[PDB]
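Take a look at this one chain, the form deposited without its partner chain, written out in structure tokens.
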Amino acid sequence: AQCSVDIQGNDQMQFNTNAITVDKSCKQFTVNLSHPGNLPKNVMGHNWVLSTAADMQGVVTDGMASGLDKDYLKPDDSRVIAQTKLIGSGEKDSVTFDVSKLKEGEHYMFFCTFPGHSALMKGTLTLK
């Protein structure tokens, strides 16, 4: 029984988990992201973004084009189910979303949209 998860993004461009599980009982789910690194947001910034596996590449590509000022995320991206802000060393940010937005049978992935990061900083979020 739980409806939250704590996640860390470090100076080595890694999340401390590649798989998140969400209990179907949860009406809402919360992700608590933190950055235990010493590097600045402009060189090793991280955010936690959720979308379907099929929408990831698009969110990432458009995110990079949107730039640092937009936390590397296209404004009001309909493909984004949930998103934290872009954080740097010592920062934290939480995001809560409705579990109803997730439909079983569908593949969901979480990732960081800072340029190049999704290559390593990505994982699955499933609902069972």
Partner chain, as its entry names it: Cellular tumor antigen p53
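Residue numbers count along the first chain shown, from 1.
As for the form solved in complex with its partner chain, it is not shown, yet the points below apply to it.
- Under a 4.5 angstroms non-hydrogen atom cutoff, its partner chain in the entry with it bound has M64 among its neighbouring residues.
- Within 4.5 Å of any heavy atom of its partner chain in the entry with it bound lies no heavy atom of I81.
- Taking non-hydrogen atoms only, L102 never approaches its partner chain to within 4.5 angstroms in the entry with it bound.
- A residue is said to contact a partner when one of its heavy atoms sits within 4.5 Å of a partner heavy atom; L50 fails this definition for its partner chain in the entry with it bound, lying far away.
- Applying a 4.5 Å heavy atom cutoff to its partner chain in the entry with it bound picks out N42, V43, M44, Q57 from 34 to 58, in order along the sequence.
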